[PDB]
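In this analysis, Cβ positions are derived from the backbone assuming ideal geometry, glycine residues included, and neighbour counts consider all displayed protein chains. Every number here is computed from the coordinates shown, using simple stated rules; none is lab data.
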Number of protein chains: 2
Amino acid sequence: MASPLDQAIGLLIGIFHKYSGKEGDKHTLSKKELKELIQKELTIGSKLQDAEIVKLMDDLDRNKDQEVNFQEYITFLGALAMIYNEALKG
Amino acid sequence: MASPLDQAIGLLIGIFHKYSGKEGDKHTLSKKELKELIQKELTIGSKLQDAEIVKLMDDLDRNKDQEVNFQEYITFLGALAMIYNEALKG
């Protein structure tokens, strides 16, 4: 795996489990990881600009006590990307 | 310029709005268009024998909006990707 076309998804998997070094093993981003993540790259890259009140939405990991699975991670990334990456609604 | 990441984003959006050459809508994605996705173009399925009957479960696009957003789309595809793209639980 990690052949260019797959490697592209590999990047998303990358960011996901980048926040798993501090988790011992390649599991769910257990709380600290997510709250460390959301403030860094999540939204408009490592620039953010988006408000605390937006982050208060994507804290959505709340759904299942902040142990974020790839699905859960992808949920907010999806929601946000549908805005920030706009070539979807237009 | 259709390099790995940009190409992949392009593909995600492209698949989302593949089922938008009928009604479908641009802001959301219609049920009846999504029901094309699930049967054939679901990434995995066609490499086995689809097993449409099981997809009737993972037809979780049923969630809330009916005429789903990019969110529910990429959430459920994300869940599947966590399986088919296995380099993250393995």
Which FRET efficiency value, to the nearest 0.05, do you get for residue A:11 and residue A:84 by plugging their Cβ-Cβ distance into 1/(1 + (r/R0)^6) with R0 = 25 Å?
0.95
Where trypsin sites (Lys or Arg not before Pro) fall in DSSP loop in segment A:1-72, at most 14 other Cβ within 10 Å:
A:26, A:31, A:40, A:47
Over the protein assembly as shown, what portion of Cα pair distances is larger than 27 Å, expressed as a whole percent?
27
Over the whole of A:72-84, what's the average partner chain Cβ count within 10 Å per residue? Rounded to a whole number, please.
5
Shortest first and in nm, the label-point separations between residue A:60 and its counterparts in the other identical copies (7 Å out along Cα→Cβ) come to 1.3
Please list, in chain and number order, the residues 5+ apart from residue A:30 or on another chain whose amide H is under 5 Å from its amide H, with Hs placed from the backbone.
A:68
Output the pairs from A:32/B:40; A:18/A:47; B:18/B:55 with a Cα-Cα distance over 30 Å in this structure; if there are none, say none.
A:32/B:40
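Would you mind giving the mean number of other chain beta-carbons within 10 Å of the Cβ of each residue in A:10-16, as a whole number? Don't skip to the answer; put the middle values down first.
Working: counts 6, 3, 7, 6, 2, 0, 2.
Average per residue, whole number: 4.
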Which one, A:14, A:45, A:24, has the greatest fluctuation when you compute a Gaussian network model over chain A with C-alpha springs under 10 angstrom?
A:24
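In whole Å and largest first, what semi-axes does the C-alpha gyration tensor of chain B yield when each eigenvalue is scaled by 5 and square-rooted? Provide the component values of the computation, followed by the final result.
On the way: eigenvalues 79, 68, 31 Å².
One finds semi-axes of 20, 18, 12 Å for chain B.
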Helical mean residue ellipticity (222 nm; -39500 (n - 2.57) per DSSP H run of 4+; nearest 500) of the protein assembly as shown
-14000 deg cm²/dmol
What is the Cα centroid distance between segment B:3-73 and segment A:58-75, reported in whole angstrom?
21
